[PDB]
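Those sequence lines, one after another, are chains A and W. In terms of this note's numbering, the first sequence opens at residue 42 and continues consecutively. In terms of this note's numbering, the second sequence opens at residue 32 and continues consecutively. For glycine and all other residues, C-beta sits at the position ideal for the given N, C-alpha and C. Working notes, structure below.
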Amino acid sequence: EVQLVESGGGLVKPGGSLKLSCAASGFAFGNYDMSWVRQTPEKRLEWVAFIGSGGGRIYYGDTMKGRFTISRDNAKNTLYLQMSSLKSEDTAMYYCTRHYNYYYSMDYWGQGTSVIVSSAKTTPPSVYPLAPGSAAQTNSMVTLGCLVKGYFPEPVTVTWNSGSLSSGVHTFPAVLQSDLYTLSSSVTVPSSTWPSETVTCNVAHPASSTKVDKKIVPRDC
Amino acid sequence: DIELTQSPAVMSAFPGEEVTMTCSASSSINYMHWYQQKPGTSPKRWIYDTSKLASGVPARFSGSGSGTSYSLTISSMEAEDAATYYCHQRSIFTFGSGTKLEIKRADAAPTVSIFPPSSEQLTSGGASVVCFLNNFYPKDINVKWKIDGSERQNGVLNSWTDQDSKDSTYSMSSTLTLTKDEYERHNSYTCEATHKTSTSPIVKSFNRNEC
């Protein structure tokens, strides 16, 4: 029933601005105090802003320094957060939350909306097949991979045979090399089934709206 | 101001054990709350008002404390309890930094494999050598790279996965990035894993001038 759905996140340059929204369903939105809480890339949680049922009382967190503005429209069951003069340390996941009673625990949370503040620009990935080659294996199982390099921003989603190959998959967290992310994914299959039966990795980058398939084929030596 | 710290930062236990984690305050405050988070999803209300369980919380969980010290306790821990737990209270700007509870299991050596740079990455002037270390335990593990008989530790990046949902193992990638010229200038590439399942390392290698 109770639903908290957030929107408005994205990538912005330092100094810029962005307005986040949080639509509500399932309860009497006007009866409840609401807040925004943010989680930094370091998984640090900070109380960014608070607003009472009526919108008459407001609080902001310590490092906010005048650059945030929280508001609400109890006629459209929507909570807002306007951010100004953004800094890199304002990069975080931003959550819309609801308060329970006057000790101020937070009994419902939204799904989150991601805010990234940097001068970097959106870049599609490169996708390279990882076949064994000069390092051929010789047991009952064989491990293959795909290398995903040079994309911005996160995230990417990796699948194998369009999701059919799900067991035996390890997709590792991306790492930032020079404002560009790099990631690898491995899959293990029976030695008897490759290349007898094809293996393809599927890479999707939503931000650049790119889709690419890479078949894993034995090399020419 | 009034600020919170948590201890321990990381801990692991077998299912069936008692578990306790502590949250302390620089001065006296009351009505402490506790939130549960698992990777990829939002924090979730778990305990509130120092001792009240939120809905859907097993009775194995309990919260207590007063003044400057509070704790969260779990009897007969279950695998599903594994998560990060954060404390917070109505007068605090920054949440406590969290206790991450992980699952203890039987030791296991990694499955290791190494991959030379792909032909198409070479065509673009770059050369990544990739080494996977899959399904080991505990998380602590050492990887060494040797090029042509010499040890190398410059262009290496290491990345671990979260503890696995199904079997509680860890996997990691270890990537050595070079340009094409430096790759073309050496022949033997070795990836070496020293774990505590093994006084003797696990070794995987290739020669560039083959294939």
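Cβ distance (whole Å) where residue i is taken to contact residue j below 8 angstroms
i, j, result
"residue 77/W", "residue 90/W", "With 8 angstroms as the limit, residue 77/W and residue 90/W do not qualify as a contact, their Cβ atoms being about 13 angstroms apart."
"residue 118/A", "residue 70/A", "4 angstroms"
"residue 257/A", "residue 241/A", "7 angstroms"
"residue 238/A", "residue 137/A", "Contact flag wrong, Cβ pair sits at about 47 angstroms."
"residue 88/A", "residue 124/W", "6 angstroms"
"residue 181/A", "residue 231/A", "7 angstroms"
"residue 109/A", "residue 133/A", "With 8 angstroms as the limit, residue 109/A and residue 133/A do not qualify as a contact, their Cβ atoms being about 12 angstroms apart."
"residue 134/W", "residue 194/W", "6 angstroms"
"residue 168/W", "residue 136/W", "5 angstroms"
"residue 170/W", "residue 201/W", "5 angstroms"
"residue 49/A", "residue 62/A", "5 angstroms"
"residue 186/A", "residue 73/W", "About 32 angstroms; that fails the 8 angstroms criterion."
Three-state class that DSSP yields for residue i in the structure shown
i, result
"residue 152/W", "helix"
"residue 213/W", "helix"
"residue 109/A", "strand"
"residue 189/W", "strand"
"residue 87/A", "strand"
"residue 182/W", "strand"
"residue 237/A", "coil"
"residue 49/A", "coil"
"residue 62/A", "strand"
"residue 104/A", "helix"
"residue 254/A", "strand"
"residue 227/A", "strand"
"residue 114/A", "strand"
"residue 55/W", "strand"
"residue 129/A", "helix"
"residue 72/A", "helix"
"residue 196/W", "coil"
"residue 219/A", "coil"
"residue 73/W", "coil"
"residue 202/W", "strand"
"residue 249/A", "coil"
"residue 232/A", "helix"
"residue 124/A", "strand"
"residue 264/A", "No answer is possible for residue 264/A: it lies beyond the span of chain A, which begins at 42 and ends at 262."
"residue 54/A", "coil"
"residue 135/A", "strand"
"residue 235/W", "strand"
Where residue i falls, given that 16 or more other Cβ within 10 Å makes a residue buried
i, result
"residue 177/A", "exposed"
"residue 252/A", "exposed"
"residue 36/W", "exposed"
"residue 184/W", "exposed"
"residue 44/A", "exposed"
"residue 47/W", "exposed"
"residue 55/A", "exposed"
"residue 33/W", "exposed"
"residue 103/A", "exposed"
"residue 13/A", "Lying outside 42 to 262, the shown extent of chain A, residue 13/A is not represented and no answer is given."
"residue 162/A", "exposed"
"residue 45/W", "exposed"
"residue 49/W", "exposed"
"residue 240/W", "exposed"
"residue 127/A", "buried"
"residue 204/W", "buried"
"residue 141/W", "buried"
"residue 234/W", "exposed"
"residue 197/W", "exposed"
"residue 41/W", "exposed"
"residue 131/W", "buried"
"residue 162/W", "buried"
"residue 164/W", "buried"
"residue 98/A", "exposed"
"residue 60/A", "exposed"
"residue 262/A", "exposed"
"residue 217/A", "exposed"
"residue 98/W", "exposed"
"residue 216/W", "exposed"
Practice problem: Pull out every residue of the stretch 180–199 of chain W whose Cβ sits closer than 7 angstroms to any Cβ of chain A, in chain order. | Solution: 188, 190 and 192
Quiz item: Taking only runs of the alpha helix (DSSP H) that begin and end inside the stretch 82–165 of chain W, which ones reach a length of at least 4 residues, in chain order?
Solution: 150–154
Practice problem: Would you list, in chain order, the members of the stretch 77–106 of chain W that have their beta-carbon closer than 8 angstroms to a beta-carbon of chain A? | Solution: 79, 80 and 85
Exercise. Give, in chain order, every unbroken run of the beta strand (DSSP E) that is at least 3 residues long and sits entirely within the stretch 137–210 of chain A.
Key: 147–150, 154–158, 167–171, 182–192 and 198–201
Quiz item: Got a sec: which bits of the stretch 122–147 of chain W sit with their beta carbon under 8 angstroms from any beta carbon on chain A, in order along the chain?
Solution: 123, 124, 125, 126, 128, 129, 142, 144, 145, 146 and 147
Quiz item: Name the residues in the stretch 211–237 of chain W whose C-beta lies less than 9 angstroms from a C-beta of chain A; which are they?
Solution: 220, 235, 236 and 237
Quiz item: Mind listing which residues of the stretch 138–150 of chain A have their C-beta closer than 9 angstroms to chain W's C-betas, in chain order?
Solution: 138, 141, 142, 143, 144, 145, 146, 147, 148, 149 and 150
Practice problem: Identify each residue in the stretch 157–177 of chain A for which the Cβ-Cβ distance to at least one residue of chain W is less than 8 angstroms, and report them in chain order. | Solution: 167, 169, 170, 171, 172, 173, 174, 175 and 176
Practice problem: Give, in chain order, every residue of the stretch 35–68 of chain W whose Cβ lies closer than 7 angstroms to some Cβ of chain A. | Solution: 62 and 64
Quiz prompt | Short-range partners of chain A found in the stretch 143–173 of chain W, where Cβ spacing is below 7 angstroms | solution = 144, 145, 146, 147, 149, 150, 151, 152, 159, 161, 163 and 165
Exercise. Taking a Cβ distance cut-off of 8 angstroms, strictly less, list which residues of the stretch 81–94 of chain A are near chain W, in chain order.
Key: 84, 85, 86, 87 and 88
Quiz prompt | Cβ-based contacts, 7 angstroms cut-off: residues of the stretch 193–215 of chain A near chain W | solution = 211, 213 and 214
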